[PDB]
Every structure is written in C-alpha cells, then in structure tokens.
Amino acid sequence: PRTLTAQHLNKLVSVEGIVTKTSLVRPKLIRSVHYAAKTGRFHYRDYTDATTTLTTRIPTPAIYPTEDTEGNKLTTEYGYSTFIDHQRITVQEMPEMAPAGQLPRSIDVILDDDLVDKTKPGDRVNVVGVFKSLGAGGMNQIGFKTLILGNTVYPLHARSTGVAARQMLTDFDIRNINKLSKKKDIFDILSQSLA
Amino acid sequence: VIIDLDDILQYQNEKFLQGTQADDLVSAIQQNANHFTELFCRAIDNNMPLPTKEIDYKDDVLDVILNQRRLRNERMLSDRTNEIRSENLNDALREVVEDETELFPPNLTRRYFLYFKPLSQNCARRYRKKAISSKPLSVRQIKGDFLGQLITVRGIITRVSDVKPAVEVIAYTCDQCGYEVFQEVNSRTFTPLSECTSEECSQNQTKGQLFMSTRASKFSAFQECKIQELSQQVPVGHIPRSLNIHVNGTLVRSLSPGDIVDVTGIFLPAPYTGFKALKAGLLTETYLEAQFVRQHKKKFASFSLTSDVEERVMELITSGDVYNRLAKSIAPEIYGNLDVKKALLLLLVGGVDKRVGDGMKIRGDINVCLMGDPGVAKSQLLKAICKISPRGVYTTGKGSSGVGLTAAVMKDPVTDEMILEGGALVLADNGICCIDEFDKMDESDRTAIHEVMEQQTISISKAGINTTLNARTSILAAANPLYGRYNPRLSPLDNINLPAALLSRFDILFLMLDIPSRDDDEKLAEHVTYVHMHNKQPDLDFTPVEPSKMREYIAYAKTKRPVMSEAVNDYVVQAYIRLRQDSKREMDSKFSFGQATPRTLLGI
Amino acid sequence: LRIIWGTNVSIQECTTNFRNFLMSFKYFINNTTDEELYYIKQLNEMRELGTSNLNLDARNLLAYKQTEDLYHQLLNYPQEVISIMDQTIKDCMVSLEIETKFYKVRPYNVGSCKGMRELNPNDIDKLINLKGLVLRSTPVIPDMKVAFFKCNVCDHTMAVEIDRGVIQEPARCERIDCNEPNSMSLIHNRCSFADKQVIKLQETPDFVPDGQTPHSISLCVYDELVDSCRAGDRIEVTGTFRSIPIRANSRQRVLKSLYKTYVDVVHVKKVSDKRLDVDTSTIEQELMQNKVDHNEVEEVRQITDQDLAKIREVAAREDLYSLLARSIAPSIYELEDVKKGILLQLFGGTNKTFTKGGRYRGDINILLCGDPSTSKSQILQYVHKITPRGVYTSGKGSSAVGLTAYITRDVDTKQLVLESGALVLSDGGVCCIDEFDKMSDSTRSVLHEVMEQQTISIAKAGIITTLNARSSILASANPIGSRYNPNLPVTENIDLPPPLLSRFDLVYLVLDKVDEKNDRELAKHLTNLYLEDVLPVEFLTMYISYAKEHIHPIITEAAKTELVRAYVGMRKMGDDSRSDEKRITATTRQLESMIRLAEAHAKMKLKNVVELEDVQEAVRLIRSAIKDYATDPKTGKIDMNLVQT
Amino acid sequence: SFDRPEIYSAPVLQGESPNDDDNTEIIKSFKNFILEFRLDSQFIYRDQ
Ligand SMILES: Nc1ncnc2c1ncn2[C@@H]1O[C@H](COP(=O)(O)OP(=O)(O)O)[C@@H](O)[C@H]1O
Ligand SMILES: [Mg+2]
Ligand SMILES: [Zn+2]
Ligand SMILES: [Zn+2]
C-alpha cells in the first residue's frame, strides 16, 4: 500500500498487508418482479451500477415500477426478485514491514457475491485485483476516487497471528507418515527432533 | 387467528387418497409468504358466520365503531336501490348500485389478526416431505437467497423495546361535505394531508379543511427485538453476530431479555441506512417479521393444569420416593454430594412469602453457599443449576463488575427514550443467580448482594439516577478457603475471606473439604473414568428425570401454600431453645462459623 | 335515542339520567348523615362558600341501578360524558353570578388497571389512574386561544378563536371600504394565552412483571393545576390516555409513524389514610398561593368532630405511652425503648424561627448499632413507608453528586436542566442510610452541613445557591468483625471516628443475649404469624398528624433547672477518661438532644407545657439507649449478666 | 422495496347545508330536469 502509486492505475496488482476493518454484508437488488391483479400478469426490470463491468458504459438510471402501462397497481413479489451480496474491506501495511515511527498507508477493496466473507479483522492477506479510478474528480463543478475491485483474496499465516497454517498432503507424504508409525520408537525419534 | 400449515398438509394429502386433484399450496405459502396473508384475510371475510350477542354496554370501544360502520354500509345500498327504483329508468341492479356508491373497505371493518405457524418436522417426516420452515438457522446462514421466505431462527434475546402505537391508516374528517378520508402509511416518515380529496369537495370550488380524528385511525402494537448467536454456533475464532425482529398484533410482550427461543418469521428488506459515500447500487437492510414464538424452557407462571400435565405428574407420583429421585436427578455425572443436592432442590422449589400486615413482607426463597478445596466440582454444580432453572444466570467474580450487576443508563434507538438496562441481578428476577469465585469480588459488588439477600431491592444514588430496582432473586455462591486448602490448625473464620455477617444471611452453608480416604477414592475414580468412557451415568437401577418433567413437577409444587398448626409450632420452639443453648459454648471456644440467630429459625 | 356517531351516548338520555341521581342518592350505618339527601348539601355548601369545582368520586355510581350504564360510558368516552355532566350542574344550581360561572367535575376513584406499560393501543382516549414520585417540572408555557390581527393599511383589528389547534388567518380585510389581499399582521402580546406545564413521574405500580426496570411518564396539567405538585411528592393522579405524532426535525413538516404517549390529568390526590400528612411548617406560602389561585387540591385531611372526640378520649388514657409505642410496629417483637425513639422521632421537636434571621429546627437523628441478625432493617423499611417524603440509600452505592445535585440532558427539549438529589428530595421527611460504616469519607463529608444547619451550598457550573434539606437521619451500622465484643470499648467496635459519633441524638446498642424465656416468647411470636390491644394504622397516623399540626410546646423554669443540672452531671462524669477514647465524650449537642426529646414528649399527650417529667424521661432514654446502666466507667466494658430483655 | 399507498373515502355525516349555487346542486338540478321535464305526455329527453 505504500509503493502503490498513480502510475499503476488500470492494471492488475498484488497487495500485501493486514485487514483492519470489514463492513456488514448487505443484499443488492438486480431484478425485481411484480404482479397486476387487474390483468393477471407479471412484470420485471433490471438494475446495474458502475462497479460490475470493467469498461465504462453510458449510464441507464431506470426507476422502480409501481404502476402498469395502463395504470394498474402492482404488488411487489419479494420472493421472486434476485438479490446478490456486497461487502467492503480496508487493507493496511503489515507492522513488521512498515517503517518505524511513521504513519501507515491503506487501500479499499470491494468484494461481491462469493468472495464476501473470507476474512476477519486482524489478518495477514494478499489481494489481487484492478486498481480503478471512479467518477469525476470535481471537474463537473482532493482528486479521483481510487479502489481495488477484488478478484482474488488469499489468507496468509504469520508468527503470532490468528490465521492457522495448513498444508496439502500428498499421497507420497501419507505413505511416509503411515510407514513411520509401525516402528516402535516413534516417540523417541519425534522427541529428539524437537529443537 | 393462527394458521397451521400442518392442517394444509393433511387437507392436500386427503385430496390425494380420494383421488381428486389439488395444488402445492404449502411451498407457495413458504416461498412467497407476504401475499397469502391478504389472500387468506379476504377469503375469510367472504366466509363469516353471524354474531349472536347483541352489542351491550360491556363491549370494547373498538367494537362499537366496527359494528356501527357495517350498519352505515348496508343503509346506503338500500337507500340507493330505493332511489334507483324511483325513476324507473334484479341482477344488473346490484352491479349498478355497487359502482354508484362509496363504502368502507374491508380493512376498516375487520377485527382479527392472522399469523402462520411453521410446518412441524414430525408431520413432514410422516407424509415424506422436507420442512424448510421448522429447520432452525443461525444468524450467519441467512443470506440474500432467503428474502421473502418463511424461516425459523435460533438465538438469544439481547434487547426488547416497549410497546408503542404504529399508524397504518390515518383518518380525517371534513366539515364542508361530511365524508371521511383514509390515508395509508407504510414508511417510517409520512406527510399529512391538508385539503379535502372527497368527490363533493373535489368538484365544488370551495374545498374544506382536514382534521385528524385519533379514535378512527388504524393502529398496531409494535415491538423490536435483537437476537444474537448461541456460543455453540459461532465458528472458531470469530465473534457472534446479530439480527432484528419485528412483532405486531397480539404477539407483543411475549419475548423477554435473556431467553433462548425459536422464532418463525418472514424475511423482508428495508431501505438502506448507511453512509452515502459507501453506497454502490441498490443496497438494502433485512428484518424479520414474527409469526410464532417457541421457548426452550417454559416459565412457571404460565402453568395451567391440563390433562397431559395430569398424566405425567400422576405417573411421577405413583412411583413414590420423589424427594430422593429428584435430588439424584441433578447432575447425575457428579459423584456423591447427596445432601448438597437435597438442599439444591429445595432452593429450586422455595418457600412461602408473607404479607404480615401493614404491607410488610418476609421473603420465602432460600440462599445457599458452597465452600471447599480445589477440584470438588462446585462450578459444575453452578452450571447445572443455571441450566435447569427457567431464569438463571452464571457469572464469575471480576468479569461482571459495576454496571454489569445493577443497571445502566442508555438511550433507546427505537423509541428515543431514556431506559435502564438490566444487569445479571435484574435478568434473574424470579430465578436463580449463580456467582463463582465469591471471595474475589469488589466491596461495592458485595454491598449489592448484601442488600438483595436482605430485602430484595437495589438502591442507587449516582449522577442521573435515584431509583430502587425490584430484584426477587435467589443466590447460589461458591468460594475457596483463603489459603487454598483448609487449615484445621486455624480457626474456621480464619480460613474464609468473607465477613461473618454475610455468612449469617445464607440459609445453609456447606463446607466441602478434601480429606484423602483410600476407600472412597476408588469409588470416585470409577465414576469419573466410567463417564469418560461412556457418555452416560453408571447406575442401571435408577431413572434420571428429564429436565422438562422436573420443571413441571416444580411448577405444580409451587402452586401450593401449606400452613402451620400449633402442634408443629411446639416442636419448632423446643428445637430452637436447645440450638440457642448449644451454639454459645461452641462460639466461645472459636470453633463455629456462627452463633445461632432468629434467621436460623426463619430458615428452618 | 339519538346516538352520537362513533359512540353509544344519547345526550338527553344521560342528562336526565344524571339529574335524578344528583337529586337523590343512597348508600355500620348512621342516621345523621348516612340517611340524608347527600349531594344537595354538597352543592348548597359549594355555592355558599363561593367555589367552582365539584369533586366526583366514581364507584358511587356502580351501585345505583340507573347510572350503572354511565359508569361504563364515563370510563370509555370521557370527552363526551364530562360536557353532559357540567350542564347538569349549572342547570341544577339555578334550580336551587350563577348565570356567568362555570362548573367542573373531577373523577378520582377509577380503579383496576395495572400500570402504564400494560396498556395497549386499544386503550387510547380512556380514563386511568397513576401513583408515583415527582422528579421534574418545566416552567409555565403560554398556550394561545384567541389571536389578534391588525390591518396595516386601515388599522381594523380582528380576533380569531382556536379550533382544535388551528388558527385561520383572514385573507381579505373585513371592512367594506378597505378590501385588500393579504393585509393582516399578527401582534403576539395582544393575544390571549393559557397555562401549560409538563411533569415527569416515576411510576410505582403494584404488579411488576419479571424484569421491569423503572421508567418515567409525562403528564400535562392545564390552568388551575399549576404548581400543585412539587418534586419529592407521592401523589395519585387521574387522567386520560393520549397519543401524538412528532416532527422528525425542525426544518421539515414531516412526521414520525411511531407515536408518543402521555396523560391528561383531571384530578390530583395528595393524601393517604395510611401515611402521615406533610409538614405545614415547610409549605407556608404554597398554602397562601393555592387560595389566591383557586385550586381545590386538598393537602391536609378532614377531621370530623366524632373522630376528634375519639382523639381526646384516647389521649386521656392512662397507658398512652406504652400503647403508642406498642402500635408503632405491631409485628416486630422488640424492646419498647427502641420503638419509643422512632415514635418521638415522628413527632419531632418544636421548630423555632428568630425575627432577626436564624433558624432552629427540631429534627431527631438516630443510630442503630449492634450485632447483625437483628430487626434493624425492618424498622428502616417501616419508617420509610409511614413518612410522606423519603429516600432509601445504601452505604457503598452513593456519590456526593448523587446526594446533592446534577445536570442532565432532557430527551424532549435536548437542553440541560438541573435535577434534585437524594437529600434535597427528603426535605421534611426521613432519610434512611443503611450500612453507614461502609461509606467513604468523601460521601460522609456532605452530611455534616445537613446535620448542623439543615442546608446545602452548591458552587458548580451553572448554580451558586443554598438549598433547604430539612430531613431526619436514621442510620444503621455494622460492628467490626463477627459480633459485638463486650470486652472492648464501643469506640473500638464501630468503624466510625469518635467525633462523628457525638452528632447523633440517640445511639442504640442492640445486643444479643441467650436467655430461655425471651427466646420462648420470640419463637411463639414468630410462629403465630404463619397461622391462617393496639391502635390501627389509620388512627395512629391521624393522631400524630393532629399533634404535629396544632399544639406547640414551650419550656418552663422548673425544666431549665433540671436540664442544666443534667448537663453538668453528664460532663463531670468521665472527666478523667477523656484523653483515652473509651466512652463517647459529651458535648453541647447532647444538651440540645435533651431539649428536643423533652419537647417531643410534651407534644405527645397534647400539652403546651414541658414539665419536669419530660426532662427526666428524656435523660432516662438517653442513658438507656447507650446501655449506661451496665457499663464500667473505667474500662468501657458491659456486664452481660446485667443486660436484661 | 415497498408499494404505493392509497387514499380512499366514504360518506358519514351531513356537512353544511347546501347553497343553491353549488356545482353539485347544479348537476343534480340538471339531472332532475333531464328525466322529469314533460311536454304533453311524453318525456322527450329520456327517450331521446
Ligand atoms: N466428585 C466429582 N465427580 C466428578 N467430577 C469431579 C468431581 N470432583 C471434581 N470433578 C471434576 O474435576 C474438575 C473440577 O473443576 P471445578 O468444578 O472447577 O472444581 P472447583 O470448583 O473445586 O474448582 C471438573 O472437570 C469436574 O468434572
Ligand atoms: Mg472453581
Ligand atoms: Zn370535504
Ligand atoms: Zn384593511
């Protein structure tokens, strides 16, 4: 987060640091379905925003339908609509790689749908994603709004930290682990190898 | 009106053995439950019997207006049929009159409520169906896929708000025309109407002014509850999460703080309330709409003697030996200590409270204290007795200090009022409080326990507070001797940290020492090592009463008030005389925890 | 049978139904007042006295066959029923100024109900009653009824009447000559206003469901009932149950869907049969103001002459002193010396006012030291519940700020207001401090001024003033260690500085001895209570209030001689045992204690003269409390063989 | 994600007595005229 500058915007990057805060997982409305009792018909609509497509589009600000093309009143069908989850997290440079006595640097990561609940505050993490500039930096009237749209989130383990360490076991590894057992001095061999 | 879906299942499975056709109404009710409320509501208005009690003077204020409006309804239909027959311009006449006239809609003439009762698992396992509704769920597991469905939750209640009115339809009266305007509200903020929207006023240039009529309006009873995860559901290393529940109608005042419950509700969205700068898309918040509440431990107040409570309390007694049977049914994995468990059962049952006259009370509830050397299972007994009681709290010495015992001042998010949040002592009112490591508490905390055990009220005089809390609680306490082990070389009170005046308030004081005995140790070890090998107790000639059946017998016992005669009084007087004569010689030589007092007679 | 829409009321029906009952009412029954035409005496005496308010009890009507209907109708539609009930009066009055004077009724016996928090939304616009303690009240607020408009082009003045809260501002001048659009201006000080006050009440219900922390309620009192309630008062209130929508914020005209609740008070009751009457010596000017304001809220109770005859019949009894001491706590088997101190504390000494400034008060202060496992705790509770104003405090649960005063934020107006403390709320009452020995030196500091001058001085941010705290102190202390040790002196048994021990009028050493006939009597006493002469509560409280109200004792020379002799004798004792703190050294406060106790004993028995018997009894009591009839004046030890029950 | 609230009405009481130059009274007088006015013995306008 300290060596990430304005010359790396619009490129895929890997960032190291510590997770300092996570927000509440909220639903996001995509498609909404309705019912008209005067015609027995169901209607739908779609919604989109700027944080779902990597390229810039022309905005379409559609509205929430309460009324039919003739004027019939519509009932909202909450069970038939589609919702997708959302979360935001903040990353900061790890305390044992940061310069002593100096204030730290941080970066915002946006996660959606399946990557929404993978970490907790106070974790070592590695994130990969696109470093995006958003909106207009006051030219319609500080600078531009910058954030990472996450695609990969890796938990990492370090000494004196709440993330556990696990390894993938190969069948070859299993064979040695199981072979060692039969010999009746397992305790001594494992004990003498402890520091 | 409580709708049970186990009824709907029986009806649809009856339309299948006889061979007719049907529809899958249960799944449609489950996955889109917010429409079927109104479908059912109007279907039931169409099917309605007649009243058979002429309105009298002992009927509610609401019913007078509801009855009046139906008469006013029928009057206008008859009136207009006559007037239409007058000009002579029996089926199309109805369709003419229907459209020509203005009537009170169905909603402002109903008086009943409609809730849905989840699909029982027992019924779904009989006809071979999979019950998504009666399956409980954590707070983490409820995601965006679950919006608009009928679901059940399992959690613990942290806060409950008061009862306040929620407006659903506002009523207005126009002096110019004499009509009545009804405005619908479904937001948290609304804008009142100003001018008339009647047909007459809408036509004529002169339009009347509106005023609010409080009595005619549509009001509902509203409460909002916070529910938290159980300890056994939180993943490894994370913190428990929360959720919001809403309650309307006659289901209010049913949840209280500190309860473990299963709530049936409909999962529905609400508008976003976060920071604008952090908004990306159409984000929404979630809440739960309560329909049916279950409690895992039934309270003693509710006890009403029906015929199945008769059946099982009538079997319990037919096998006799109830006192020992239910004394050994407390923690059947802890070896020994029968006399301690006999005292525990009596602390669970209690005594009799006496309004002596002048409005002065005697307490009728017993306080027990346990002392002993390390590793004698005192804390396990406290945990068990807190699991058996309907209301019961477990607390440790220094982790619950200050406002965590008595009460705190906070502002209510929902009602915008200044409330008092209760501590452990206020959560256990009409229950049992369990304190561990009694000797380590602060002096301030010990004063409160003193007061609660003497008169059952807590007095607070601090900045912003001058009140008296009503705390009817029984105290169970555990403590170690001052030097770890008991020193028989030292005096009995030299081994206990607490003052003797506190120990004079406990009804029964048990001292649980560990003197090594070769023989008894092999019977204790047998029990413990057996327990660690089999997850059951080691006795095959003894039945452990289930906690529910114990709660039932204790409630029925608590619904009785025995009284004392003169012959039994003689005995008590005579025993007290001799005990008072003997205690002095022991206390003179410094070999007693306490000289006999009147409080010993009250305890007896 | 015309029925008012939305109700079941017929106006003519109820007016005629009401006038027959008002002209004929019936009811251990007398033949002097229990069998006479009742309410025409009430009306005639009202018009004779020059009074405007009729106070109407409620259950009167649930017996008389006709007006039973009207009771249910009054408890459901208070708005429409009370306008019917007034027209009956002003019709009935001329039937017997009375063509331009307005009459009012005030129901005060509505019953049942189980507290504010058990009421549902279906109980809106209903009549309910409340009991509790008052904490705060905002100053008077002016409410507009008639408005004043001036035409700024023609100077024509118009007046408008408020209609259910709304004012209609004319658009066109009314003059036929000057007809302008929008020429009307509002002049605020030319308008007619009325009074409004807001009270905050700490509700004290009878049924408290499991786990209810105390809460507070808002009450609106209009017109006559202004300044009729003061903080610290225990009252009973009748009123209507309302709801109102509030605006989200000042700028927007938007409202909140969740409603706000309060009570419209109609009647206020400041008496109780089972409690004592307030001290008139502390509310002299409120009595004068009530008459000037013509509010008929009655503070003291009525005494008929049969009952006053009973008073002197009993006051003539030979064993008055024992009887009174016995009926104080009729369920606490205890020494009569302990009870006599509480009895004389209730009467209190004579309050004296100097005309050059300088006030002497007659408040008694008592300390109950002694072993635990005694009935001290019940005495404090019983005294809390018999005195009109009081607060109960624990030892290690109080702060100086919590006892004196503090600043708080009002959730309604969002401003900062001043609120009373424990000791100021106890003005003219009893304050009970339990576990006095467990209290910090910072908190014990504030009591010195209250025990010396009966005031408090506060110099904090926002307030610099002196407050009145005219309260009695009743304290209980725990001895050091397990039990009281007769082998040590008293100064070594109680953890309290010896100089502080001398500020109390009476010090009671409650000792426990093992003796077979005392134990037998106590056991029989206690066991008799779990089965199924004395003065009942009502008569005791009535007698005490009468004595505290009328008589005033003054001392004579024969008493002065004995007082001086006794003080000199007490000081001369232990003159050598002063350097070593064995016994409690005597000071001038003991002289003042003898004065106060002599005056209280004189007040009992209804005298205006303190004779020698009073001083002898006072000195007897002072010595008997400290157990000076068994103490060795050299070592400070008690012979328990001589301490008899 | 909620719906549209409604406003609806129903007659209850007699308002202020009707002025003859009211619009509704004009409509009612003209509706009486249509179905009442006679010339000879035929009700011309209803038939028309
Ligand atoms: N009599 C006993 N029977 C069964 N288990 C016992 C017994 N005494 C001690 N234990 C076990 O030993 C441990 C004692 O822990 P604890 O209850 O905290 O004891 P203490 O309260 O004395 O500190 C627990 O695991 C308990 O199950
Ligand atoms: Mg332990
Ligand atoms: Zn209108
Ligand atoms: Zn003018």
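Residue numbers (full-length UniProt numbering), protein chains in the order written: chain A, 168 to 308, 315 to 368; chain B, 78 to 166, 178 to 692; chain C, 177 to 203, 215 to 283, 295 to 730, 740 to 852; chain D, 2 to 49.
Beta carbons are placed, not taken as given, at the ideal position from N, Cα and C, and that holds for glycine.
Backbone secondary structure at residue i - three-state DSSP
| i | result |
| --- | --- |
| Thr243(A) | strand |
| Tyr604(C) | strand |
| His210(A) | strand |
| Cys265(B) | coil |
| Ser579(B) | coil |
| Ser592(C) | coil |
| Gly492(B) | helix |
| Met280(C) | helix |
| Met261(A) | coil |
| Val619(B) | helix |
| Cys376(C) | coil |
heavy atom of ligand 3 below 7 Å from residue i C-beta
| i | result |
| --- | --- |
| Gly346(B) | no |
| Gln271(B) | no |
| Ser414(C) | no |
| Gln316(B) | no |
| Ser301(B) | no |
| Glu288(B) | yes |
| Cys418(C) | no |
| residue 738(C) | Here chain C breaks off after 730 and picks up again at 740, leaving residue 738(C) without coordinates. |
| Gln264(B) | yes |
Where the alpha helix (DSSP H) through residue i begins and ends
| i | result |
| --- | --- |
| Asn111(B) | 110 to 123 |
| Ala338(A) | Segment: none, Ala338(A) is in no alpha helix (DSSP H) and carries neither H nor E. |
| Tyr659(B) | 654 to 676 |
| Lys252(B) | Careful: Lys252(B) lies outside any alpha helix (DSSP H), inside the beta strand (DSSP E) at 252 to 262. |
| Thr219(A) | Run containing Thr219(A): none; DSSP gives neither H nor E here. |
| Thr233(A) | First-last for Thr233(A): undefined, no H or E at that position. |
| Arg182(B) | 180 to 188 |
| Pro696(C) | 696 to 699 |
Boundaries of the beta strand (DSSP E) in which residue i is found, first to last residue
| i | result |
| --- | --- |
| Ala765(C) | From DSSP, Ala765(C) is part of no beta strand (DSSP E) but of the alpha helix (DSSP H) over 764 to 779. |
| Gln383(B) | 372 to 383 |
| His330(A) | Neither: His330(A) is in no beta strand (DSSP E) and is coded neither H nor E. |
Residue i CB to nearest heavy atom of ligand 2 below 7 Å
| i | result |
| --- | --- |
| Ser467(B) | yes |
Residue i beta carbon near ligand 4 (any heavy atom closer than 7 Å)
| i | result |
| --- | --- |
| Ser383(C) | no |
Closer than 7 Å: residue i CB and nearest ligand 1 heavy atom
| i | result |
| --- | --- |
| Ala807(C) | no |
Quiz item: Using 8 Å as the Cβ pair cut-off and three pairs as the minimum, do the stretch 616 to 636 of chain C and the stretch 584 to 593 of chain C touch?
Solution: yes
Quiz item: Touching or not, the stretch 640 to 658 of chain C and the stretch 596 to 606 of chain C, by the rule of three or more beta carbon pairs under 8 Å?
Solution: yes
Quiz prompt | 4 or more residues per run - each alpha helix (DSSP H) lying fully within the stretch 315 to 365 of chain C | solution = none
Exercise. Kindly confirm or deny that the stretch 377 to 392 of chain B and the stretch 353 to 361 of chain B touch, where touching means at least three C-beta pairs closer than 8 Å.
Key: yes
Quiz prompt | At least 3 beta-carbon pairs within less than 8 Å: the stretch 487 to 505 of chain C vs the stretch 432 to 439 of chain C | solution = no
Quiz item: Contact between the stretch 242 to 257 of chain A and the stretch 272 to 281 of chain A: three or more CB pairs below 8 Å?
Solution: yes
Quiz prompt | Complete runs of the alpha helix (DSSP H) confined to the stretch 587 to 616 of chain B [at least 4 residues] | solution = 588 to 591
Quiz item: Touching or not, the stretch 244 to 251 of chain A and the stretch 193 to 209 of chain A, by the rule of three or more beta carbon pairs under 8 Å?
Solution: yes
Self-check item: Contact between the stretch 335 to 353 of chain C and the stretch 365 to 384 of chain C (3+ Cβ pairs under 8 Å)
Solution: yes
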